[PDB]
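Asks: Questions regarding the structure given below will be posed in turn.
Here the Cβ positions follow ideal geometry from the backbone for every residue, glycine too, while neighbour counts run over all protein chains shown. FYI, it's all coordinate maths here, none of it is from the lab.
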Amino acid sequence: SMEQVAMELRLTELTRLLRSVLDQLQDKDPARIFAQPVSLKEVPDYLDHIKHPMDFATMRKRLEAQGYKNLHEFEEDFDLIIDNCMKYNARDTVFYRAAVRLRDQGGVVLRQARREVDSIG
């Protein structure tokens, strides 16, 4: 149907806007602490702690499969990255600290993306 196509074009445009968001968020992690999944070989107890692991490579795979229907879903995943880290790691750690910086610096990016998503429809 012509409609299914229109819908598809919109998803594809949403995916374009979210790719730009993802890149901007990932620039705010210059140490690449959040770039990849936590290794179960190196942290064999991790899944006892964190039930829904997330990281930027995993978000990127979903994104390129157009698996984010809306910005809420994308933000859910980003918030997992931060929230998982602030639980597993203590306050005095470079990991917790990187999470706090990423959350703070990302807020600005996510503020404007919401406005753009609502504006362009």
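Asks: Note the full-extension length gain between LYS61 and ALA31 as 0.36 nm times their separation in residues minus their Cα-Cα distance, in nm to one decimal.
Replies: Values: separation 30, 0.36 × 30 = 10.80 nm, distance 2.07 nm.
Going from the current span to full extension adds 8.7 nm.
Asks: Do you know the relative contact order of the chain, to the nearest whole percent, from alpha carbon pairs under 8 angstrom that are 6+ apart?
Replies: 30
Asks: With Cβ to Cβ distances under 14 Å as the rule, what net charge do the other residues near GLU8 carry (K, R +1; D, E -1)? Don't jump to the answer; show the numbers that get you there.
Replies: Numbers: positive: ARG10, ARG16, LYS69; negative: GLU3, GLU13.
Residues near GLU8 contribute +1 overall.
Asks: Could you pull out every one of the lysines with an alpha carbon less than 22 Å from that of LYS87, ignoring same-chain neighbours closer than 8 positions?
Replies: By straight Cα distance, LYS87 reaches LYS28, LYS41, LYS51.
Asks: Tally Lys/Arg at +1 and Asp/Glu at -1 over every other residue whose Cβ is under 14 Å from the Cβ of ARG19; what's the total?
Replies: Overall, the nearby charge balance is -2.
Asks: Please work out the Cα center distance from the range 1-55 to the range 86-121, rounded to the nearest Å.
Replies: Result: 13 Å between the Cα centres.
Asks: Dividing the Cα convex hull volume of the range 28-100 by residue count, how many Å³ per residue is that? Show your work: numbers first, answer last.
Replies: Numbers: hull volume 7.3 nm³, N = 73.
Convex hull of Cα atoms, per residue: 100 Å³.
Asks: Still on this structure, I have one more. Between helix 2-27 and the chain, what is the angle of the helix's C-alpha long axis to the longest principal axis, kept within 0 to 90° and rounded to the nearest 10?
Replies: Between helix and principal axis, roughly 30 degrees.
Asks: While we're looking at this one, here's another question. Within the chain, which is the longest segment containing none of the trypsin sites (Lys or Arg not before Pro) that sit in a DSSP loop and have at most 12 other Cβ atoms within 10 Å?
Replies: 1-31
Asks: In which sequence would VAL94, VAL38 go, from the one with the fewest C-beta neighbours within 10 Å to the one with the most? Please list the in-between numbers first.
Replies: Working: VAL94 10, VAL38 17.
Arranged by neighbour count, lowest to highest, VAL94, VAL38 become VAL94, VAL38.
Asks: On a full-extension model of 0.36 nm per residue, what is the gain between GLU116 and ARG91, subtracting their alpha-carbon distance, rounded to one decimal in nm? Show your work: numbers first, answer last.
Replies: Working: separation 25, 0.36 × 25 = 9.00 nm, distance 3.42 nm.
In short, 5.6 nm is gained.
Asks: Measure off 7 Å from each Cα along the Cα-to-Cβ vector at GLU13 and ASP83, then give the distance between these two points in nanometres to one decimal.
Replies: Output for this residue pair reads 3.1 nm.
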